[PDB]
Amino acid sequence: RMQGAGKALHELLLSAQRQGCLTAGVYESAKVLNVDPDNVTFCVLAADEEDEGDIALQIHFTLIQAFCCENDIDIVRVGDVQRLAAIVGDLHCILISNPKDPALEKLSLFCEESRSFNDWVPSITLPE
């Protein structure tokens, strides 16, 4: 795949935040997807190694992920939940909605490229 996906995610998170385009949290995210999926352009699921044994969380993730995939919403995983919080400052789910965004374009391509080698929900490493 392309390099710099983590950079583009960093950029997009900050841009979306300043534009009032972010929704955070599993419960609110699931609600927004149910109500108006058409305006959602990106989803980040974030889980650290420990989060893997939190069954209710992972099930929430599974439902959110299946919905994103069924509705052609770009979605990625982030394992550095600390670094994600440090950027936007749980935070287990973040949706980005539409308010020209090169960072979103690059991420869209990254997801497209991932799909080309059958990696439907790719991991992104956040930059320091």
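One rule holds for the numbers: they count along the sequence shown, beginning at 1.
Exercise. Per the entry, how many residues of the deposited chain go unmodelled between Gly89 and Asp90: none, 1 to 3, 4 to 9, or 10 or more?
Worked result: Unmodelled stretch: 4 to 9 residues.
Exercise. Which class fits the unmodelled deposited stretch between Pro37 and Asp38: none, 1 to 3, 4 to 9, or 10 or more?
Worked result: Per the deposited record, the segment joining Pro37 and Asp38 has no missing residues.
Exercise. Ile55's Cα B-factor: lowest, middle or highest third of the chain?
Worked result: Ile55: CA B-factor falls in the lowest third of its chain.
Exercise. Relative to the other modelled residues in the chain, which third contains the C-alpha temperature factor of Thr41: lowest, middle or highest?
Worked result: Middle third - that is where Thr41 ends up once the chain's C-alpha B-factors are sorted.
Exercise. In terms of the chain's CA B-factor thirds, is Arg115 lowest, middle or highest?
Worked result: Highest third - that is where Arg115 ends up once the chain's C-alpha B-factors are sorted.
Exercise. Within this chain, which third does the Cα B-factor at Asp101 fall in: lowest, middle or highest?
Worked result: Top third by C-alpha B-factor.
Exercise. If you rank the chain by CA B-factor, which third does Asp80 end up in: lowest, middle or highest?
Worked result: Ranked within chain, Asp80 CA B lands in the highest tercile.
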